């Protein structure tokens, strides 16, 4: 076989759920850790795209990391494709039967969901990459990002 094996890793991060309200995304960032450095071995916080941008910016400009490979920022969530397509669909409502339109409305909702899912992955991959870096996983701004249980913006 050919296989990548992880045994009792000390830091695991994922985004198990997320919420879109008028195309504004809130990510649940859930962490599991066996490390002393964290207040708790398991916890979740709520993060927005700008929080991730904040974290990436502040790592990039950390003098000590200038020789390190910092994983790329996740891209800003963008629902313009699905939204514009749904608008076009609505304009064409008269040319179409009730059940044709229903079926297509459902298909475009699925298109929106696939965009959502993709931006989730992008944000999650970034955190997982940071958790795997021997130096960056220890960064205190990263820790603040994972655990500060209030609005990181303010």
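Positions refer to the first chain, counted from 1.
Stretch comparison (121 to 129 versus 64 to 72) by mean CA B-factor in the PDB entry places 64 to 72 on top.
Judged by mean Cα B factor in the deposited record, 85 to 93 ranks above the other of 111 to 119 and 85 to 93. Among the modelled residues of the chain, residue 37 sits in the highest third by CA temperature factor in this PDB entry. Sort the modelled residues of the chain by CA B factor and residue 45 lands in the middle third.
For residue 29, the recorded CA temperature factor ranks within the lowest third of the chain's modelled residues.
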